[PDB]
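**Student:** Supplied structure: work.pdb, PDB, C-alpha atoms.
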```
ATOM      1  CA  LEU A   1     120.058 101.889  87.309  1.00  0.00           C
ATOM      2  CA  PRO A   2     122.631 104.090  89.006  1.00  0.00           C
ATOM      3  CA  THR A   3     125.582 105.045  86.841  1.00  0.00           C
ATOM      4  CA  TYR A   4     129.017 103.541  87.515  1.00  0.00           C
ATOM      5  CA  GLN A   5     130.182 107.062  88.432  1.00  0.00           C
ATOM      6  CA  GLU A   6     127.318 107.425  90.966  1.00  0.00           C
ATOM      7  CA  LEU A   7     128.346 104.104  92.551  1.00  0.00           C
ATOM      8  CA  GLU A   8     131.858 105.521  92.822  1.00  0.00           C
ATOM      9  CA  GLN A   9     130.518 108.622  94.591  1.00  0.00           C
ATOM     10  CA  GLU A  10     128.424 106.458  96.904  1.00  0.00           C
ATOM     11  CA  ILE A  11     131.503 104.429  97.863  1.00  0.00           C
ATOM     12  CA  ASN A  12     133.354 107.661  98.649  1.00  0.00           C
ATOM     13  CA  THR A  13     130.493 108.774 100.907  1.00  0.00           C
ATOM     14  CA  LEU A  14     130.315 105.395 102.646  1.00  0.00           C
ATOM     15  CA  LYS A  15     134.084 105.275 103.201  1.00  0.00           C
ATOM     16  CA  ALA A  16     133.893 108.760 104.769  1.00  0.00           C
ATOM     17  CA  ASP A  17     131.043 107.568 107.009  1.00  0.00           C
ATOM     18  CA  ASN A  18     133.170 104.536 107.962  1.00  0.00           C
ATOM     19  CA  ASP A  19     136.192 106.699 108.847  1.00  0.00           C
ATOM     20  CA  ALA A  20     134.029 109.012 110.974  1.00  0.00           C
ATOM     21  CA  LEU A  21     132.303 106.209 112.878  1.00  0.00           C
ATOM     22  CA  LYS A  22     135.663 104.558 113.615  1.00  0.00           C
ATOM     23  CA  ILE A  23     137.161 107.698 115.068  1.00  0.00           C
ATOM     24  CA  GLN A  24     133.977 108.416 117.079  1.00  0.00           C
ATOM     25  CA  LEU A  25     134.033 104.834 118.403  1.00  0.00           C
ATOM     26  CA  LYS A  26     137.667 105.171 119.553  1.00  0.00           C
ATOM     27  CA  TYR A  27     136.798 108.507 121.184  1.00  0.00           C
ATOM     28  CA  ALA A  28     133.813 106.921 122.960  1.00  0.00           C
ATOM     29  CA  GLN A  29     135.828 103.938 124.189  1.00  0.00           C
ATOM     30  CA  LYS A  30     138.484 106.266 125.581  1.00  0.00           C
ATOM     31  CA  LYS A  31     135.756 108.270 127.332  1.00  0.00           C
ATOM     32  CA  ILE A  32     134.402 105.073 128.955  1.00  0.00           C
ATOM     33  CA  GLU A  33     137.916 104.283 130.234  1.00  0.00           C
ATOM     34  CA  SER A  34     138.331 107.857 131.455  1.00  0.00           C
ATOM     35  CA  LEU A  35     135.081 107.638 133.437  1.00  0.00           C
ATOM     36  CA  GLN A  36     136.122 104.305 134.934  1.00  0.00           C
ATOM     37  CA  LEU A  37     139.491 105.785 135.927  1.00  0.00           C
ATOM     38  CA  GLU A  38     137.816 108.829 137.438  1.00  0.00           C
ATOM     39  CA  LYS A  39     136.346 106.540 140.084  1.00  0.00           C
ATOM     40  CA  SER A  40     139.894 106.094 141.433  1.00  0.00           C
ATOM     41  CA  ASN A  41     141.103 109.678 140.882  1.00  0.00           C
ATOM     42  CA  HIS A  42     143.206 108.707 137.844  1.00  0.00           C
ATOM     43  CA  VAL A  43     143.319 109.904 134.239  1.00  0.00           C
ATOM     44  CA  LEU A  44     144.026 107.992 131.019  1.00  0.00           C
ATOM     45  CA  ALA A  45     147.288 109.785 130.302  1.00  0.00           C
ATOM     46  CA  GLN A  46     148.870 108.807 133.617  1.00  0.00           C
ATOM     47  CA  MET A  47     148.473 105.060 132.895  1.00  0.00           C
ATOM     48  CA  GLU A  48     151.177 104.683 130.266  1.00  0.00           C
ATOM     49  CA  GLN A  49     154.006 102.535 131.717  1.00  0.00           C
TER      50      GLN A  49
ATOM     51  CA  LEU B   1     139.386  98.492  87.168  1.00  0.00           C
ATOM     52  CA  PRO B   2     136.472  97.449  89.364  1.00  0.00           C
ATOM     53  CA  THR B   3     133.496  96.076  87.461  1.00  0.00           C
ATOM     54  CA  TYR B   4     130.113  97.694  88.168  1.00  0.00           C
ATOM     55  CA  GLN B   5     129.098  94.483  89.986  1.00  0.00           C
ATOM     56  CA  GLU B   6     132.197  94.644  92.190  1.00  0.00           C
ATOM     57  CA  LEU B   7     131.216  98.233  93.076  1.00  0.00           C
ATOM     58  CA  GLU B   8     127.758  97.031  94.121  1.00  0.00           C
ATOM     59  CA  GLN B   9     129.539  94.387  96.212  1.00  0.00           C
ATOM     60  CA  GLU B  10     131.793  96.971  97.828  1.00  0.00           C
ATOM     61  CA  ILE B  11     128.761  99.135  98.611  1.00  0.00           C
ATOM     62  CA  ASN B  12     127.047  96.243 100.406  1.00  0.00           C
ATOM     63  CA  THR B  13     130.208  95.461 102.379  1.00  0.00           C
ATOM     64  CA  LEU B  14     130.656  99.121 103.397  1.00  0.00           C
ATOM     65  CA  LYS B  15     127.016  99.447 104.413  1.00  0.00           C
ATOM     66  CA  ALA B  16     127.432  96.335 106.569  1.00  0.00           C
ATOM     67  CA  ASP B  17     130.634  97.676 108.166  1.00  0.00           C
ATOM     68  CA  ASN B  18     128.969 101.017 108.825  1.00  0.00           C
ATOM     69  CA  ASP B  19     125.879  99.422 110.349  1.00  0.00           C
ATOM     70  CA  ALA B  20     128.148  97.331 112.624  1.00  0.00           C
ATOM     71  CA  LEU B  21     130.064 100.466 113.716  1.00  0.00           C
ATOM     72  CA  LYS B  22     126.792 102.319 114.456  1.00  0.00           C
ATOM     73  CA  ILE B  23     125.688  99.454 116.723  1.00  0.00           C
ATOM     74  CA  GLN B  24     129.031  99.404 118.547  1.00  0.00           C
ATOM     75  CA  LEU B  25     128.957 103.205 118.915  1.00  0.00           C
ATOM     76  CA  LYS B  26     125.400 103.124 120.279  1.00  0.00           C
ATOM     77  CA  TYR B  27     126.447 100.585 122.906  1.00  0.00           C
ATOM     78  CA  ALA B  28     129.437 102.746 123.784  1.00  0.00           C
ATOM     79  CA  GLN B  29     127.183 105.806 124.184  1.00  0.00           C
ATOM     80  CA  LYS B  30     124.798 103.803 126.438  1.00  0.00           C
ATOM     81  CA  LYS B  31     127.733 102.781 128.663  1.00  0.00           C
ATOM     82  CA  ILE B  32     128.978 106.418 128.866  1.00  0.00           C
ATOM     83  CA  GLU B  33     125.525 107.592 129.959  1.00  0.00           C
ATOM     84  CA  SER B  34     125.231 104.748 132.469  1.00  0.00           C
ATOM     85  CA  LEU B  35     128.624 105.663 133.957  1.00  0.00           C
ATOM     86  CA  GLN B  36     127.667 109.339 134.177  1.00  0.00           C
ATOM     87  CA  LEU B  37     124.494 108.394 136.008  1.00  0.00           C
ATOM     88  CA  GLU B  38     126.460 106.204 138.390  1.00  0.00           C
ATOM     89  CA  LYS B  39     128.965 109.045 138.964  1.00  0.00           C
ATOM     90  CA  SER B  40     126.279 111.547 139.796  1.00  0.00           C
ATOM     91  CA  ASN B  41     124.835 109.136 142.354  1.00  0.00           C
ATOM     92  CA  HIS B  42     128.196 108.269 143.885  1.00  0.00           C
TER      93      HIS B  42
END
```
The structure in this file should be written as structure tokens.
**Tutor:**
Amino acid sequence: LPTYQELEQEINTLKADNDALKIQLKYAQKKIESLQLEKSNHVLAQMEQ
Amino acid sequence: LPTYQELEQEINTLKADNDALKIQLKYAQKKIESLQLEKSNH
């Protein structure tokens, strides 16, 4: 069986994977919005009211 | 302190969350590519 310490290390790895996927997902969603806005000659940063 | 069982539980939850994020990211990447293809045609 894996050691309790190994399980701890695995959790640390999986949390890091989680953090990376979340930031990449936000980045990808912003890119989708940017491409949609490009169709109308606008950029994401100009849309803040 | 977390019991060894509760660590196993947390590992399964994290794997599930990570698998769900990978699916959402893949769909986001497909939409980006689709939009780039549309742009190049337009």
**Student:** Extract, using all atoms listed in the file, all DNA, RNA and protein residues at most 9 Å from residue B:32, discarding same-chain residues fewer than 5 positions from it, and format them as a list in words.
**Tutor:**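 The neighbour list is residues 28, 29, 31, 32 and 35 of chain A; 27 and 37 of chain B.
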**Student:** Store the residues picked out above, limited to C-alpha atoms, as a PDB file, in the frame of the given file.
**Tutor:**
```pdb
ATOM      1  CA  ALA A  28     133.813 106.921 122.960  1.00  0.00           C
ATOM      2  CA  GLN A  29     135.828 103.938 124.189  1.00  0.00           C
ATOM      3  CA  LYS A  31     135.756 108.270 127.332  1.00  0.00           C
ATOM      4  CA  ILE A  32     134.402 105.073 128.955  1.00  0.00           C
ATOM      5  CA  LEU A  35     135.081 107.638 133.437  1.00  0.00           C
TER       6      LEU A  35
ATOM      7  CA  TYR B  27     126.447 100.585 122.906  1.00  0.00           C
ATOM      8  CA  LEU B  37     124.494 108.394 136.008  1.00  0.00           C
TER       9      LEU B  37
END
```
**Student:** For the provided coordinates, the residues matched by the PyMOL selection byres ((chain B and resi 11) around 10) should be stated as a PyMOL selection string.
**Tutor:** (chain A and resi 7-8+10-12+14-15) or (chain B and resi 5-10+12-17)
**Student:** Of the candidates B:24, B:18, B:38, B:30, which shows the shortest atom-to-atom distance to residue A:20, using all atoms listed in the file?
**Tutor:**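 Smallest separation from residue A:20 among the options: B:18.
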**Student:** What's the 9 Å shell around residue B:21, counting all atoms listed in the file, without same-chain residues fewer than 4 positions away, as a list in words?
**Tutor:**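 With the cut-off at 9 Å, the set is residues 18, 21, 22 and 25 of chain A; 16, 17, 25 and 26 of chain B.
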**Student:** Of the residues B:40, B:28, B:33, B:19, which is the one nearest to residue A:26, using all atoms listed in the file?
**Tutor:** B:28
**Student:** In Å to one decimal, how far is atom CA of residue B:22 from atom CA of residue A:6?
**Tutor:**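 Calculated distance between atom CA of residue A:6 and atom CA of residue B:22 is 24.0 Å.
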